[PDB]
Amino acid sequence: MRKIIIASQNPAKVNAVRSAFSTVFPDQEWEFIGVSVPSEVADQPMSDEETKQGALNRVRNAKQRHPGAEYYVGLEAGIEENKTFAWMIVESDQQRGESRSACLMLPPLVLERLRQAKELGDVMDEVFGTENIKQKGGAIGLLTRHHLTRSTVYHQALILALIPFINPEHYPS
């Protein structure tokens, strides 16, 4: 039963990983272990670079604290200018796969609030309403009339990050 360390204890993030591995590798036995490690970047990364660095650092820090797992997974949401997205990092001992999720364009009122040093999730509640966000399953669910969800967007980025492991012949280590 092979071990995957996820460098988050957030249920949504650990479940996204559960779904991605259970989908791509359906004949394998998997143990999923969420852990909390520091990112060494801002709690709310504000560039593409900082967001990806935060995910790399969490994976590195997870590897250091808990060596010996088959896979280590980082997933960090970030902002740059009027867009939000998340970096997915998957490392084995030998290989690293990466994908950034499809980006969402933020409303100009949201950007105005971010400029006032406000936290994105708070600003989303202000602009869309707390109950509205909750009942529609999140901002992406709300804005796309349920055609997408944060989770279905993250799912595709996790699968893309697994490409080097799906195709070891095309991605030597």
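In case it trips you up, residue 1 is the first one in the sequence shown, and so on.
Item checked: Mean C-alpha B-factor comparison - 143-151 and 33-41, higher one -> Looking at the record's C-alpha B-factors, the answer is 143-151.
Next item on the list: Going by the average Cα B-factor in the PDB entry, point out whether 23-31 or 52-60 comes out higher.
Entry: Going by the record's values, the stretch with the higher mean is 23-31.
Note to self: Looking at the C-alpha B-factor values in the deposited entry, which of 133, 46, 69, 110 comes out highest?
What the structure shows: The listed residue with the largest C-alpha B-factor is 133.
Check: Considering only 98, 93, 76, 80, which residue's Cα atom bears the greatest B-factor as recorded?
Finding: That would be 93, according to the entry.
Checklist line | Cα B factor band for residue 123 (lowest, middle or highest third within the chain) | finding: Middle third of the chain for residue 123's C-alpha B-factor.
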